[PDB]
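Colleague: The structure follows.
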Amino acid sequence: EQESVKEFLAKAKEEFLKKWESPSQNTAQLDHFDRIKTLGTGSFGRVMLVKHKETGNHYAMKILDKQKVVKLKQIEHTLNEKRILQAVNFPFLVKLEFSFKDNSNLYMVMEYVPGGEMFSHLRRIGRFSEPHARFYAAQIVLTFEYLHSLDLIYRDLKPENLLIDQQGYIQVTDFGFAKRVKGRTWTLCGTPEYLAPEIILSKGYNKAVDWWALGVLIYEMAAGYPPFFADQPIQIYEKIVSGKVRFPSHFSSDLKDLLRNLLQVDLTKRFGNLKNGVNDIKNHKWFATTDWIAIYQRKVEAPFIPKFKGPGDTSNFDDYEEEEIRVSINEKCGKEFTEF
Ligand SMILES: [NH3+]C[C@H](O)c1ccc(O)c(O)c1
């Protein structure tokens, strides 16, 4: 590790810790924004495109229903998400610009990235070439190097959680499962196709699960489909734990070798979790053409630039039923979300 990387990560940790210890709170309110379009929706929350009425800036506003968060046992996860997001700073992480709460909801107002989810682009083109997949993978490697050095585990890597920005670079979203962890953690969370074996088997697990997920992501980017798939989760899990993966013949030998080391069932042998840490990945032959510093500095020409007309264009996102943002006249779940 060049002292330059050590000193970068030491300063990164100092800056993170200062914000972690003293989190920002209550930095805007709902009526500062106009609602434009629902960009995504789930069992306890939504992401909305909004426009700030005074500056005209567009943002992606994540709205979480406090009662549903409680019911689906997401309290600590939502507190993790906001506390981490307000404390991190890296070129490939979506920035949290404001947060606040009201009687009914929690709000995280993030940068809006108009290029859409990697998932859409991957499905439209079919599969990415190895250089294209490598460009995105390198950004994830650097982002995980950053996060893991802060004792953070991300726990939701997948194409739907990676947005393509105006320059063609990655912006990681969706910190709902991210957690500050020294050692092990135990919660069953993630997305089935991306779960490491040790999550499936209810073990105490660590940052190695993020490196496993990177193997899944790289396979999916280069093949067009993930390595372990089936009609039901239990059948996916049987495949994940088996230690067997098949590679398309069009994969390069270097790609197959990297993937066997990321998709290593034995977490004590998995790249990213050995004595040399991230450098086993950064020094692998599949990354020989990668200029890590140039990627970090965003000096590499991207494989493609999403097509969009301006900062408010939603054409790269899909259409959802537009529901109200209702705020109760009575405070709900105040105690549970005191720190938010
Ligand atoms: N999974 C992506 C998520 O819905 C989303 C969409 C647009 C954004 O700018 C964002 O920060 C998050």
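Letters A, B, ... go to the chains of the structure tokens in the order shown; residues in each chain start at 1; ligands are counted from 1 in the same order.
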May I ask you to write as an mmCIF file with N, CA, C and O atoms, in the first residue's frame all residues lying at most 8 Å from ligand 1, with only C-alpha atoms and all ligand atoms counted?

Modeller:
```
data_model
loop_
_atom_site.group_PDB
_atom_site.id
_atom_site.type_symbol
_atom_site.label_atom_id
_atom_site.label_comp_id
_atom_site.auth_asym_id
_atom_site.auth_seq_id
_atom_site.Cartn_x
_atom_site.Cartn_y
_atom_site.Cartn_z
ATOM 1 N N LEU A 39 -39.990 7.541 -8.840
ATOM 2 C CA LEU A 39 -38.902 6.834 -9.530
ATOM 3 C C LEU A 39 -38.734 5.383 -9.081
ATOM 4 O O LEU A 39 -38.076 4.595 -9.781
ATOM 5 N N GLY A 40 -39.270 5.018 -7.927
ATOM 6 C CA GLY A 40 -39.165 3.650 -7.430
ATOM 7 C C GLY A 40 -40.034 3.506 -6.206
ATOM 8 O O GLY A 40 -40.381 4.492 -5.569
ATOM 9 N N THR A 41 -40.398 2.265 -5.891
ATOM 10 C CA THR A 41 -41.330 2.045 -4.799
ATOM 11 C C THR A 41 -41.093 0.668 -4.200
ATOM 12 O O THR A 41 -40.676 -0.253 -4.898
ATOM 13 N N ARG A 46 -40.547 4.905 -0.897
ATOM 14 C CA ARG A 46 -40.580 5.316 -2.296
ATOM 15 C C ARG A 46 -39.415 6.262 -2.523
ATOM 16 O O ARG A 46 -38.950 6.919 -1.594
ATOM 17 N N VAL A 47 -38.999 6.400 -3.781
ATOM 18 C CA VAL A 47 -38.091 7.467 -4.175
ATOM 19 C C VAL A 47 -38.831 8.331 -5.183
ATOM 20 O O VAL A 47 -39.369 7.810 -6.168
ATOM 21 N N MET A 48 -38.882 9.633 -4.905
ATOM 22 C CA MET A 48 -39.569 10.613 -5.728
ATOM 23 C C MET A 48 -38.572 11.601 -6.306
ATOM 24 O O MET A 48 -37.646 12.035 -5.615
ATOM 25 N N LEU A 49 -38.769 11.974 -7.566
ATOM 26 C CA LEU A 49 -38.134 13.169 -8.103
ATOM 27 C C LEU A 49 -38.881 14.387 -7.600
ATOM 28 O O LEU A 49 -40.106 14.454 -7.720
ATOM 29 N N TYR A 59 -33.846 16.812 -7.026
ATOM 30 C CA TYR A 59 -33.353 15.833 -6.074
ATOM 31 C C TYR A 59 -34.208 14.583 -6.146
ATOM 32 O O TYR A 59 -35.387 14.622 -6.528
ATOM 33 N N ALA A 60 -33.616 13.476 -5.661
ATOM 34 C CA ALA A 60 -34.336 12.225 -5.438
ATOM 35 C C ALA A 60 -34.661 12.131 -3.946
ATOM 36 O O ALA A 60 -33.759 11.970 -3.130
ATOM 37 N N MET A 61 -35.928 12.195 -3.611
ATOM 38 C CA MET A 61 -36.361 12.213 -2.226
ATOM 39 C C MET A 61 -36.862 10.825 -1.864
ATOM 40 O O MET A 61 -37.881 10.359 -2.403
ATOM 41 N N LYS A 62 -36.142 10.169 -0.949
ATOM 42 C CA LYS A 62 -36.559 8.891 -0.403
ATOM 43 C C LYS A 62 -37.482 9.157 0.777
ATOM 44 O O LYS A 62 -37.116 9.874 1.723
ATOM 45 N N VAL A 94 -23.839 8.431 -4.155
ATOM 46 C CA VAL A 94 -24.828 9.506 -4.219
ATOM 47 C C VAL A 94 -24.787 10.259 -2.908
ATOM 48 O O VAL A 94 -24.717 9.671 -1.829
ATOM 49 N N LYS A 95 -24.819 11.580 -3.002
ATOM 50 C CA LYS A 95 -24.761 12.444 -1.837
ATOM 51 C C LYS A 95 -26.151 12.667 -1.247
ATOM 52 O O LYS A 95 -27.137 12.884 -1.968
ATOM 53 N N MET A 110 -31.627 13.129 -1.718
ATOM 54 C CA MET A 110 -30.377 12.744 -2.367
ATOM 55 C C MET A 110 -30.234 13.487 -3.689
ATOM 56 O O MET A 110 -31.215 13.966 -4.262
ATOM 57 N N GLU A 111 -29.009 13.521 -4.210
ATOM 58 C CA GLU A 111 -28.806 13.955 -5.583
ATOM 59 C C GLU A 111 -29.660 13.103 -6.515
ATOM 60 O O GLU A 111 -29.808 11.892 -6.306
ATOM 61 N N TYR A 112 -30.190 13.721 -7.567
ATOM 62 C CA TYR A 112 -30.891 12.992 -8.613
ATOM 63 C C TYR A 112 -29.924 12.738 -9.757
ATOM 64 O O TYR A 112 -29.322 13.674 -10.292
ATOM 65 N N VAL A 113 -29.784 11.479 -10.143
ATOM 66 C CA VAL A 113 -28.884 11.061 -11.205
ATOM 67 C C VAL A 113 -29.765 10.686 -12.394
ATOM 68 O O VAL A 113 -30.394 9.634 -12.360
ATOM 69 N N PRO A 114 -29.855 11.502 -13.451
ATOM 70 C CA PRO A 114 -30.906 11.299 -14.459
ATOM 71 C C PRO A 114 -30.650 10.159 -15.408
ATOM 72 O O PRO A 114 -31.547 9.803 -16.183
ATOM 73 N N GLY A 116 -30.392 7.006 -14.971
ATOM 74 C CA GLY A 116 -31.063 5.772 -14.686
ATOM 75 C C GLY A 116 -30.199 4.704 -14.084
ATOM 76 O O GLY A 116 -28.999 4.844 -13.903
ATOM 77 N N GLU A 117 -30.866 3.607 -13.747
ATOM 78 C CA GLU A 117 -30.229 2.452 -13.152
ATOM 79 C C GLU A 117 -29.430 1.659 -14.171
ATOM 80 O O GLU A 117 -29.859 1.447 -15.312
ATOM 81 N N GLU A 160 -29.756 -2.524 -9.886
ATOM 82 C CA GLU A 160 -30.794 -1.534 -9.631
ATOM 83 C C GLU A 160 -30.344 -0.445 -8.674
ATOM 84 O O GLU A 160 -31.004 0.604 -8.595
ATOM 85 N N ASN A 161 -29.262 -0.682 -7.929
ATOM 86 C CA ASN A 161 -28.768 0.248 -6.938
ATOM 87 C C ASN A 161 -27.539 1.003 -7.416
ATOM 88 O O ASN A 161 -26.851 1.646 -6.606
ATOM 89 N N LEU A 162 -27.275 0.972 -8.717
ATOM 90 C CA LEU A 162 -26.146 1.665 -9.295
ATOM 91 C C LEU A 162 -26.708 2.546 -10.394
ATOM 92 O O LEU A 162 -27.315 2.039 -11.331
ATOM 93 N N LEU A 163 -26.548 3.841 -10.263
ATOM 94 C CA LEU A 163 -27.035 4.779 -11.264
ATOM 95 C C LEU A 163 -25.887 5.244 -12.144
ATOM 96 O O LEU A 163 -24.731 5.279 -11.721
ATOM 97 N N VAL A 172 -23.530 4.967 -6.499
ATOM 98 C CA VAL A 172 -24.158 3.956 -5.669
ATOM 99 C C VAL A 172 -25.223 4.606 -4.821
ATOM 100 O O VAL A 172 -24.964 5.623 -4.159
ATOM 101 N N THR A 173 -26.421 4.021 -4.853
ATOM 102 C CA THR A 173 -27.580 4.433 -4.074
ATOM 103 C C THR A 173 -27.876 3.390 -3.001
ATOM 104 O O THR A 173 -27.076 2.480 -2.738
ATOM 105 N N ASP A 174 -29.024 3.554 -2.339
ATOM 106 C CA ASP A 174 -29.668 2.472 -1.573
ATOM 107 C C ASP A 174 -28.755 1.967 -0.454
ATOM 108 O O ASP A 174 -28.237 0.852 -0.493
#
```

Colleague: According to DSSP computed on the backbone, where in region 79-285 of chain A is there strand (DSSP E)? Give the residues as a PDB file with N, CA, C and O atoms, in the first residue's frame.

Modeller:
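Written output follows (states.pdb):
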```pdb
ATOM      1  N   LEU A  96     -26.210  12.631   0.074  1.00  0.00           N
ATOM      2  CA  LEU A  96     -27.368  13.101   0.818  1.00  0.00           C
ATOM      3  C   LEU A  96     -27.256  14.598   1.003  1.00  0.00           C
ATOM      4  O   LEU A  96     -26.300  15.078   1.610  1.00  0.00           O
ATOM      5  N   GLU A  97     -28.245  15.330   0.505  1.00  0.00           N
ATOM      6  CA  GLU A  97     -28.283  16.781   0.571  1.00  0.00           C
ATOM      7  C   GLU A  97     -29.085  17.315   1.745  1.00  0.00           C
ATOM      8  O   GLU A  97     -28.658  18.280   2.375  1.00  0.00           O
ATOM      9  N   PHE A  98     -30.208  16.684   2.092  1.00  0.00           N
ATOM     10  CA  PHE A  98     -30.996  17.092   3.245  1.00  0.00           C
ATOM     11  C   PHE A  98     -31.623  15.862   3.868  1.00  0.00           C
ATOM     12  O   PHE A  98     -31.838  14.842   3.208  1.00  0.00           O
ATOM     13  N   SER A  99     -32.021  16.002   5.128  1.00  0.00           N
ATOM     14  CA  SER A  99     -32.905  15.006   5.716  1.00  0.00           C
ATOM     15  C   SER A  99     -33.825  15.701   6.712  1.00  0.00           C
ATOM     16  O   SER A  99     -33.513  16.772   7.240  1.00  0.00           O
ATOM     17  N   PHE A 100     -34.971  15.075   6.959  1.00  0.00           N
ATOM     18  CA  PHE A 100     -35.948  15.577   7.928  1.00  0.00           C
ATOM     19  C   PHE A 100     -37.000  14.495   8.138  1.00  0.00           C
ATOM     20  O   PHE A 100     -37.030  13.479   7.441  1.00  0.00           O
ATOM     21  N   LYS A 101     -37.891  14.744   9.079  1.00  0.00           N
ATOM     22  CA  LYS A 101     -38.996  13.848   9.367  1.00  0.00           C
ATOM     23  C   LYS A 101     -40.220  14.684   9.686  1.00  0.00           C
ATOM     24  O   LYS A 101     -40.111  15.877   9.973  1.00  0.00           O
ATOM     25  N   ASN A 105     -43.534  10.375   8.133  1.00  0.00           N
ATOM     26  CA  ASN A 105     -42.500   9.872   7.247  1.00  0.00           C
ATOM     27  C   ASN A 105     -41.116  10.345   7.682  1.00  0.00           C
ATOM     28  O   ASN A 105     -40.955  11.349   8.371  1.00  0.00           O
ATOM     29  N   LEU A 106     -40.121   9.579   7.249  1.00  0.00           N
ATOM     30  CA  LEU A 106     -38.724   9.990   7.203  1.00  0.00           C
ATOM     31  C   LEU A 106     -38.361  10.363   5.775  1.00  0.00           C
ATOM     32  O   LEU A 106     -38.828   9.722   4.837  1.00  0.00           O
ATOM     33  N   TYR A 107     -37.526  11.395   5.612  1.00  0.00           N
ATOM     34  CA  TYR A 107     -37.134  11.889   4.296  1.00  0.00           C
ATOM     35  C   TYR A 107     -35.621  12.004   4.190  1.00  0.00           C
ATOM     36  O   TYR A 107     -34.972  12.619   5.050  1.00  0.00           O
ATOM     37  N   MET A 108     -35.084  11.427   3.121  1.00  0.00           N
ATOM     38  CA  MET A 108     -33.680  11.593   2.734  1.00  0.00           C
ATOM     39  C   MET A 108     -33.666  12.149   1.325  1.00  0.00           C
ATOM     40  O   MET A 108     -34.112  11.478   0.393  1.00  0.00           O
ATOM     41  N   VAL A 109     -33.175  13.369   1.182  1.00  0.00           N
ATOM     42  CA  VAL A 109     -33.167  14.065  -0.097  1.00  0.00           C
ATOM     43  C   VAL A 109     -31.758  13.931  -0.660  1.00  0.00           C
ATOM     44  O   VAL A 109     -30.811  14.511  -0.125  1.00  0.00           O
ATOM     45  N   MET A 110     -31.627  13.129  -1.718  1.00  0.00           N
ATOM     46  CA  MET A 110     -30.377  12.744  -2.367  1.00  0.00           C
ATOM     47  C   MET A 110     -30.234  13.487  -3.689  1.00  0.00           C
ATOM     48  O   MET A 110     -31.215  13.966  -4.262  1.00  0.00           O
ATOM     49  N   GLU A 111     -29.009  13.521  -4.210  1.00  0.00           N
ATOM     50  CA  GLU A 111     -28.806  13.955  -5.583  1.00  0.00           C
ATOM     51  C   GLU A 111     -29.660  13.103  -6.515  1.00  0.00           C
ATOM     52  O   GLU A 111     -29.808  11.892  -6.306  1.00  0.00           O
ATOM     53  N   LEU A 152     -17.556   0.069   7.386  1.00  0.00           N
ATOM     54  CA  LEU A 152     -18.902  -0.014   6.818  1.00  0.00           C
ATOM     55  C   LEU A 152     -19.017  -1.215   5.901  1.00  0.00           C
ATOM     56  O   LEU A 152     -18.125  -1.454   5.090  1.00  0.00           O
ATOM     57  N   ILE A 153     -20.144  -1.919   5.985  1.00  0.00           N
ATOM     58  CA  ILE A 153     -20.503  -2.979   5.037  1.00  0.00           C
ATOM     59  C   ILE A 153     -21.723  -2.453   4.280  1.00  0.00           C
ATOM     60  O   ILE A 153     -22.571  -1.790   4.865  1.00  0.00           O
ATOM     61  N   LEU A 162     -27.275   0.972  -8.717  1.00  0.00           N
ATOM     62  CA  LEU A 162     -26.146   1.665  -9.295  1.00  0.00           C
ATOM     63  C   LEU A 162     -26.708   2.546 -10.394  1.00  0.00           C
ATOM     64  O   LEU A 162     -27.315   2.039 -11.331  1.00  0.00           O
ATOM     65  N   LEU A 163     -26.548   3.841 -10.263  1.00  0.00           N
ATOM     66  CA  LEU A 163     -27.035   4.779 -11.264  1.00  0.00           C
ATOM     67  C   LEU A 163     -25.887   5.244 -12.144  1.00  0.00           C
ATOM     68  O   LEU A 163     -24.731   5.279 -11.721  1.00  0.00           O
ATOM     69  N   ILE A 164     -26.214   5.584 -13.391  1.00  0.00           N
ATOM     70  CA  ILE A 164     -25.230   6.067 -14.356  1.00  0.00           C
ATOM     71  C   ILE A 164     -25.387   7.573 -14.496  1.00  0.00           C
ATOM     72  O   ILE A 164     -26.462   8.053 -14.867  1.00  0.00           O
ATOM     73  N   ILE A 170     -20.525   5.584 -12.295  1.00  0.00           N
ATOM     74  CA  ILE A 170     -21.427   4.966 -11.327  1.00  0.00           C
ATOM     75  C   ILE A 170     -21.668   5.887 -10.156  1.00  0.00           C
ATOM     76  O   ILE A 170     -20.736   6.527  -9.655  1.00  0.00           O
ATOM     77  N   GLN A 171     -22.918   5.884  -9.677  1.00  0.00           N
ATOM     78  CA  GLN A 171     -23.305   6.458  -8.399  1.00  0.00           C
ATOM     79  C   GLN A 171     -24.071   5.384  -7.628  1.00  0.00           C
ATOM     80  O   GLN A 171     -25.137   4.938  -8.059  1.00  0.00           O
ATOM     81  N   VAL A 172     -23.530   4.967  -6.499  1.00  0.00           N
ATOM     82  CA  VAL A 172     -24.158   3.956  -5.669  1.00  0.00           C
ATOM     83  C   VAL A 172     -25.223   4.606  -4.821  1.00  0.00           C
ATOM     84  O   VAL A 172     -24.964   5.623  -4.159  1.00  0.00           O
ATOM     85  N   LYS A 179     -24.210  -0.760   7.151  1.00  0.00           N
ATOM     86  CA  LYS A 179     -24.050  -0.792   8.606  1.00  0.00           C
ATOM     87  C   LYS A 179     -22.597  -0.591   8.989  1.00  0.00           C
ATOM     88  O   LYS A 179     -21.709  -1.106   8.316  1.00  0.00           O
ATOM     89  N   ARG A 180     -22.358   0.107  10.101  1.00  0.00           N
ATOM     90  CA  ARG A 180     -21.024   0.182  10.671  1.00  0.00           C
ATOM     91  C   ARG A 180     -20.825  -1.036  11.578  1.00  0.00           C
ATOM     92  O   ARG A 180     -21.587  -1.246  12.532  1.00  0.00           O
TER      93      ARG A 180
END
```

Colleague: For each of A:287, A:147, A:228, A:235, take the minimum atom-to-atom distance to residue 13 (chain A), counting only C-alpha atoms, then give the residue where this is smallest.

Modeller: A:147

Colleague: Per residue of region 264-285 of chain A within 7 Å of region 194-208 of chain A, which atom pair is closest and at what distance in Å (one decimal), using only C-alpha atoms, listed by chain and increasing number, as a tab-separated table?

Modeller:
```
residue	atom	partner	partner_atom	distance
A:265	CA	A:197	CA	6.2
A:267	CA	A:208	CA	6.5
A:272	CA	A:208	CA	6.4
A:273	CA	A:208	CA	5.5
```

Colleague: Considering only C-alpha atoms, return as a PyMOL selection string whatever protein or nucleic-acid residues lie within 10 Å of residue 146 (chain A), sequence-local ones (same chain, fewer than 3 positions apart) excluded.

Modeller: chain A and resi 8-9+12-13+88-90+140-143+149-152

Colleague: Just want the 6 Å neighbourhood of residue 128 (chain A), counted on only C-alpha atoms, with same-chain residues fewer than 4 positions away dropped. Output as an NGL selection string.

Modeller: :A and (132-133 or 221-222)

Colleague: DSSP on the backbone, helix (DSSP H, G or I) only: what residues of region 28-226 of chain A does that give? Format it as a ChimeraX atom specification.

Modeller: /A:30-32,66-71,75-85,118-125,130-149,159-161,192-194,197-200,208-223

Colleague: Provide the CA of residue 6 (chain A) to CA of residue 177 (chain A) distance in Å, to one decimal place.

Modeller: 27.0 Å

Colleague: Mind giving me the straight-line distance from CA of residue 184 (chain A) to CA of residue 211 (chain A) in Å, one decimal?

Modeller: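 We find that CA of residue 184 (chain A) and CA of residue 211 (chain A) lie 14.9 Å from each other.
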
Colleague: Need the shell around residue 72 (chain A): protein/DNA/RNA residues with any atom at most 12 Å away, counting only C-alpha atoms. Skip same-chain ones fewer than 4 positions apart. Format as a CSV table (one decimal) with C-alpha atoms, in the first residue's frame?

Modeller:
```
chain,number,residue,atom,x,y,z
A,42,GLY,CA,-41.2,-0.7,-2.2
A,43,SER,CA,-42.9,-2.2,0.9
A,44,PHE,CA,-42.0,0.7,3.2
A,45,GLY,CA,-40.8,3.6,1.1
A,64,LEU,CA,-40.1,6.1,4.3
A,65,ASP,CA,-43.4,5.5,6.1
A,66,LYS,CA,-42.6,5.3,9.8
A,67,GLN,CA,-45.3,2.8,10.7
A,68,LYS,CA,-44.3,0.4,7.9
A,76,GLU,CA,-32.2,0.3,13.0
A,77,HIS,CA,-31.6,-0.1,9.2
A,78,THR,CA,-33.3,3.2,8.5
```

Colleague: Excluding same-chain residues fewer than 4 positions from residue 22 (chain A), what lies within 10 Å of it counting only C-alpha atoms, as a list in words?

Modeller: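 In the requested form, the answer reads residues 17, 18, 83, 86 and 87 of chain A.
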
Colleague: Have a look at A:103, A:329, A:297, A:338 and name the one nearest to residue 25 (chain A); count only C-alpha atoms.

Modeller: A:338

Colleague: Quick one: of A:75, A:305, A:230, A:255, who's nearest to residue 285 (chain A), counting only C-alpha atoms?

Modeller: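 Closest candidate: A:255.
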